[PDB]
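**Q**
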Amino acid sequence: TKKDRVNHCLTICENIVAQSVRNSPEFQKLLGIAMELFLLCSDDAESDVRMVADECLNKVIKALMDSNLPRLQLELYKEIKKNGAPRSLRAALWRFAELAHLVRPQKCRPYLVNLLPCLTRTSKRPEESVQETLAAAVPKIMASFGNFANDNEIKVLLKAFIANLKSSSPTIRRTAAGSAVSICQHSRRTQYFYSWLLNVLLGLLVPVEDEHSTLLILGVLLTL
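Okay, structure coming up:
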């Protein structure tokens, strides 16, 4: 059913846009169920299946950025907390940084608290492909969800990424460095959080005539 699996994903897409009926108590139930089903089409391992049905999920969103944005972004936060496959969790993470500057500031503060449990688990993941796209979303997420957090929530998040400077992969060393520095542009106080990252790193190289674990010497010079 490898050619039978291709025709199933594509017919669900066109019969939502051609409804021309939104915000209906019949239309609300239909969009939750078959939206998680667009990514199982990408989770199945075939390049004829993985390439075809990922461009089809983008037809739904952009025709619905006007009409149903609060219905779109509620099904999508659920999958990160599911913490699924490294192919399933990845291509959902493109979708969520581009819709971060589409939220309203009325509903934004509930969206901030729920992500910091979800944004630390994908920092502890050793998959070198999952760690890459997060260095292209923590630029985009915490610049629009930046100003809504206090001084309590943002001190927890930066102690985690420095423990991702203690890994030996060259792909994972440069994605934890561009995450610490994109927050401090948008944290709450842009100048208060620049002085705080310089105290943490120089105790990692406090007096230089020591053994400093030469993989960890390279973690401190890329955040700078």
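If you want our numbering, it's the 1-based position in the sequence shown plus 62.
Yeah, the Cβ is synthetic: ideal placement off N, Cα and C, and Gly gets one too.
Where are the alpha helix (DSSP H) runs, 4 residues long or more, that stay fully inside the region 112 to 160, in chain order?
**A** If we require 4 residues or more, the alpha helix (DSSP H) runs fully inside the region 112 to 160 come out as 120 to 124, 131 to 144, 150 to 153.
**Q** With a threshold of 7 Å on Cβ separation, who are the neighbours of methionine 127 within its own chain once the five nearest residues in sequence on each side are excluded?
**A** Position 65 of the sequence shown holds residue 127. Excluding positions up to five away in sequence, the list reads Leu164.
**Q** Does DSSP put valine 83 in a helix, in a strand, or in coil?
**A** For the purposes of this step, residue 83 is taken as residue 21 along the sequence shown, with counting starting at 1. Three-state DSSP puts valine 83 in coil, outside helix and strand.
**Q** Report yes if the C-beta distance between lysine 169 and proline 132 is below 8 Å; otherwise report no.
**A** In the sequence shown, the residue the question calls residue 169 occupies position 107. In the sequence shown, the residue the question calls residue 132 occupies position 70. Cβ distance < 8 Å, so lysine 169 and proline 132 count as in contact.
**Q** Within 10 Å of its beta-carbon, does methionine 204 have 16 or more other beta-carbons around it, so buried, or fewer, so exposed?
**A** Position 142 of the sequence shown holds residue 204. It is buried - the Cβ of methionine 204 has at least 16 other Cβ atoms within 10 Å.
**Q** Quick check on this structure: which residue in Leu102, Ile74, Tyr139, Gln247 has the alpha carbon closest to the alpha carbon of residue 292?
**A** Residue 292 lies beyond the stretch modelled for the chain, which goes from 63 to 286, so this question has no answer here.
**Q** Are the beta-carbon atoms of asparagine 226 and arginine 183 separated by less than 8 Å?
**A** On the sequence shown, position 164 is the one that residue 226 refers to. On the sequence shown, position 121 is the one that residue 183 refers to. Taking 8 Å as the Cβ cut-off, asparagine 226 and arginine 183 do not qualify as a contacting pair.
**Q** Could you pull out every residue in the same chain whose Cβ sits closer than 8 Å to the Cβ of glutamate 190, ignoring the five residues on either side in sequence?
**A** Locating residue 190 in the sequence shown gives position 128, where the first residue counts as 1. The residues are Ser231, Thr233, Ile234.
**Q** Kindly indicate which three-state DSSP category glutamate 98 falls into: helix, strand or coil?
**A** Here residue 98 refers to the residue found at position 36 when the sequence shown is read from its first residue. Note: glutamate 98 maps to coil in three-state DSSP.
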